[PDB]
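Participant: This is the structure I have questions about; it appears just below.
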Protein chains: 2
Amino acid sequence: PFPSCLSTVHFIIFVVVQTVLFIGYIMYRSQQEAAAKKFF
Amino acid sequence: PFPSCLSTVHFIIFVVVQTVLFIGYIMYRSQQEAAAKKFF
């Protein structure tokens, strides 16, 4: 039985998911730093 | 038919695409922060 060598399709999905989850994390962190600076 | 393994060229291109878009995006974020700090 074929060993689970990585496919192209699953690789593209996980890179986009890693990019989208980190960009949304950047926007969510940028919104916290903007909101924290507004109170000072 | 062979399972579509992620080629070396296929992996490198998606690394560069993810990195250069990363180079663009974070630099685009700091210039907004620099422009926002210039108006306050």
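Each chain in the structure tokens gets a letter, A, B and so on, in the order shown; residues start at 1 in every chain, and ligands are counted from 1 in the order they appear.
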All C-alpha atoms, paired in order, least-squares superposition of chain A on chain B: what RMSD does that give?

Facilitator: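 The optimal C-alpha superposition leaves an RMSD of 0.5 Å.
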
Participant: Mind listing as a PDB file with N, CA, C and O atoms, in the first residue's frame which residues of chain A are within 7 Å of chain B, counting only C-alpha atoms?

Facilitator:
ATOM      1  N   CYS A   5       2.821   9.871   1.097  1.00  0.00           N
ATOM      2  CA  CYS A   5       3.603  11.020   0.662  1.00  0.00           C
ATOM      3  C   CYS A   5       2.668  12.196   0.408  1.00  0.00           C
ATOM      4  O   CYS A   5       1.521  12.016  -0.012  1.00  0.00           O
ATOM      5  N   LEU A   6       3.160  13.404   0.678  1.00  0.00           N
ATOM      6  CA  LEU A   6       2.308  14.587   0.653  1.00  0.00           C
ATOM      7  C   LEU A   6       1.869  14.925  -0.768  1.00  0.00           C
ATOM      8  O   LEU A   6       2.660  14.874  -1.714  1.00  0.00           O
ATOM      9  N   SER A   7       0.592  15.267  -0.909  1.00  0.00           N
ATOM     10  CA  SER A   7       0.014  15.650  -2.187  1.00  0.00           C
ATOM     11  C   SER A   7       0.095  17.162  -2.381  1.00  0.00           C
ATOM     12  O   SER A   7       0.277  17.929  -1.432  1.00  0.00           O
ATOM     13  N   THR A   8      -0.032  17.583  -3.642  1.00  0.00           N
ATOM     14  CA  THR A   8      -0.017  19.008  -3.955  1.00  0.00           C
ATOM     15  C   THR A   8      -1.275  19.703  -3.443  1.00  0.00           C
ATOM     16  O   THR A   8      -1.198  20.813  -2.906  1.00  0.00           O
TER      17      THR A   8
END

Participant: Identify, with DSSP run on backbone atoms, the residues in chain A assigned to helix (DSSP H, G or I), and express the list as a PyMOL selection string.

Facilitator: chain A and resi 8-38

Participant: What is the distance, in Å and to one decimal place, between atom CA of residue 36 of chain A and atom CA of residue 40 of chain B?

Facilitator: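 So the answer is 15.4 Å.
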
Participant: Work out how far atom CA of residue 34 of chain A is from atom CA of residue 39 of chain B, in Å to one decimal.

Facilitator: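 These atoms are spaced 14.4 Å apart.
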
Participant: Grab the atom CA of residue 23 of chain A to atom CA of residue 31 of chain B distance for me, in Å with one decimal place.

Facilitator: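 Separation between atom CA of residue 23 of chain A and atom CA of residue 31 of chain B: 16.4 Å.
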